[PDB]
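Here's the structure, in C-alpha cells; my notes come after.
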Amino acid sequence: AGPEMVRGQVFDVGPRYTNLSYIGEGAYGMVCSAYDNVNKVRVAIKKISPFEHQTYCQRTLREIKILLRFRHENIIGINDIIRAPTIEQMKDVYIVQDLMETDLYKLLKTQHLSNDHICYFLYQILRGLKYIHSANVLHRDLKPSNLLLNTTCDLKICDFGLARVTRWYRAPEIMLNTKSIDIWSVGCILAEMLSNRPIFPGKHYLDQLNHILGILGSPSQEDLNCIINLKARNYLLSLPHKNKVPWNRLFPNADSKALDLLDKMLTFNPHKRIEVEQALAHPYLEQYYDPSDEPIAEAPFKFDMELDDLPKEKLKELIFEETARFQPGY
Ligand SMILES: O=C1c2cc(-c3ccnc(NC4CCOCC4)n3)cn2CCN1[C@H](CO)c1cccc(Cl)c1
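Spelled out as C-alpha cells, the structure:
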C-alpha cells in the first residue's frame, strides 16, 4: 500500500505503521495516531520537517538527544525513529512515541476537576519536572496541551522541541529580561485547573504584562531591581498603580493550601519563586509526596558541540547520524 495522507501531510511510515489519524501539530509538523503491527498497539507518530531552518534543526537534534537519554514515568519517550535511507532524500523525520488518550487542554475544556484530581495532576507534573530540572534541562513550553493523560489519570510531559540545558504561560522575566520559568508555567496551569480558564490570557506582549499586573499588583522596586529591557521598564513605570488581588478572591472555592502554593509559584521575582523540590514538599501535595519514589537524573545533561554555531547542513548530518541506530541493518 502507498503512503497515507492526513490533512495534506503525507506520512511515509508503512508498512509497520498504518491506519493513521490526526492527533496534533506544530510549527513544522503534524502528529498522528497509527497502528503498530509489530507490538499490536496504537502509537503516536510525530512528523517533523525542520531542515530548511537552522533553528528547527537545532530543536530537532536537542529533542531527540534529550528524549533518548531521559527515562521517566512522567516524561514522553522515543520508541522508534523513521527517516529516509540517504541524507539527500531525508526531508522529514518521524518520531514514534507511546500513544496517550488525551491532554489536559481537552480535559479542561470539558470536565470540572475535583481537588483530589488537581492535586494528583499537579504532583505528576512536578515529579516529571523534578527529573527534568535535575538533569539541568529546562522544558520552556509547559502548557495544558503538552500535558498528556491516560484513562487511568497517568500524566506525561511531551514536546521537548524547545528544551535547553506560549504567551499565556510565559514568565514575566522572559518578557522583561533559568529553571524558574518552568515553575511559573506550572503555576499558570494550576490556576487553570482551579477555574477551567487561563489565568493570564493576554492578546499580545503588553497585554500579557497587564494581565499579570492586574492580579499580582504593581511590581516593587526590588522586583524591578534587576537587569531589564529599557522599553519594558519605561512602560511599567508609565502605568498607574495596580492593587494586588488576593488569591482566595479569584478562586473562592479553592483549597487554601493549593492557593498558598500557587502564590509561591506565581511570584513575580524569579529569585523568590519556589523551586521544584520545595513545591513537591508543600503541604498541598502531602498525600502524594514520596521522595523515595521520585527519580532524578544520574548526571546533568550537556551537549558536546554547541549547535547554535553550526550551519543547518551540518545539523542535518548530526540528525542523520543520531537516527541511524533505528535503521534496519544497523
Ligand atoms: O509533540 C507534540 C505532541 C505529541 C503529542 C502526543 C503524543 C502521544 N500521544 C498523544 N495523544 C493525543 C491523543 C488526542 O488528544 C491529545 C493527546 N499525543 C501531542 N503533541 C502536541 C503537539 N506536539 C508538538 C507541538 O507542541 C509538535 C507536534 C508536531 C510537530 C512539531 Cl514541530 C511540534
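When you line the sequence shown up against the UniProt record's numbering, it's residues 9 to 173, 190 to 201, 206 to 358, in that order. Virtual Cβ for every residue (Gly too), placed ideally from N, Cα, C.
Any non-hydrogen atom of ligand 2 closer than 7 Å to residue i Cβ
i          : result
residue 32 : With respect to ligand 2, the structure offers nothing, as its ligand set consists of ligand 1.
The beta strand (DSSP E) enclosing residue i, as first and last residue numbers
i           : result
residue 13  : 12 to 14
residue 26  : 25 to 34
residue 54  : 49 to 56
residue 390 : The structure shown does not extend to residue 390, since the chain is modelled only from 9 through 358, so no value can be given for it.
residue 37  : 37 to 44
Residue i CB to nearest heavy atom of ligand 1 below 7 Å
i           : result
residue 161 : no
residue 218 : no
residue 74  : no
residue 250 : no
residue 18  : no
residue 107 : yes
residue 114 : yes
residue 42  : no
residue 295 : no
residue 167 : yes
residue 39  : yes
residue 54  : yes
residue 102 : no
residue 110 : yes
residue 84  : yes
residue 155 : no
residue 193 : no
residue 25  : no
residue 233 : no
residue 36  : yes
Contact with chain C by residue i, beta-carbon distance below 8 Å
i           : result
residue 323 : The question asks about chain C, but that chain is absent: this structure has only one protein chain.
Range of the contiguous alpha helix (DSSP H) that encloses residue i
i           : result
residue 129 : 123 to 142
residue 77  : 62 to 77
residue 286 : 284 to 293
residue 164 : Unbroken run through residue 164 is the beta strand (DSSP E), 163 to 165; no alpha helix (DSSP H).
residue 217 : 208 to 223
residue 348 : 340 to 351
residue 17  : Segment 17 to 19 is the beta strand (DSSP E) holding residue 17; no alpha helix (DSSP H) there.
residue 277 : 275 to 278
residue 178 : Because the chain is numbered from 173 directly to 190, the model contains no atoms for residue 178.
residue 145 : Taken as a continuous stretch (DSSP letters only), residue 145 belongs to no alpha helix (DSSP H), as it is neither H nor E.
residue 309 : Unbroken run through residue 309: none, as it is neither H nor E.
residue 200 : 196 to 200
Identified DSSP bridge partners for residue i
i           : result
residue 254 : According to DSSP, which records beta bridges pairwise, residue 254 is partnered with nothing at all.
residue 110 : 157
residue 316 : Residue 316 pairs with nothing; no bridge assigned.
residue 103 : 54 and 89
residue 83  : 165
residue 172 : 146
### Message
Below 8 Å, how does it come out for the region 132 to 152 and the region 77 to 93: are there three or more Cβ pairs, yes or no?
### Response
Yes, they touch.
### Query
Looking at C-beta atoms only, is the number of pairs between the region 316 to 328 and the region 243 to 260 that lie closer than 8 Å three or more?
Segments in contact, no.
### Query
Do the region 342 to 352 and the region 97 to 105 make contact, defined as three or more Cβ pairs closer than 8 Å?
As far as the Cβ criterion goes, the region 342 to 352 touches the region 97 to 105, which means the pair count is three or higher.
### Task
Kindly confirm or deny that the region 29 to 42 and the region 9 to 21 touch, where touching means at least three C-beta pairs closer than 8 Å.
Here the region 29 to 42 makes contact with the region 9 to 21; the two share three or more CB pairs at distances below 8 Å.
### Task
Decide yes or no for the touch test of the region 51 to 62 against the region 25 to 38: beta carbon pairs closer than 8 Å, at least 3 of them.
Touching, yes.
### Query
Quick check: the region 207 to 219 against the region 281 to 291, are there 3 or more CB pairs under 8 Å?
Under the Cβ criterion (8 Å, minimum of three pairs), the region 207 to 219 counts as touching the region 281 to 291.
### Query
Should the region 149 to 167 be regarded as contacting the region 231 to 244, the criterion being three or more beta carbon pairs within less than 8 Å?
For the pair of segments examined, the region 149 to 167 was found not to touch the region 231 to 244: the number of CB pairs separated by less than 8 Å stays below three.
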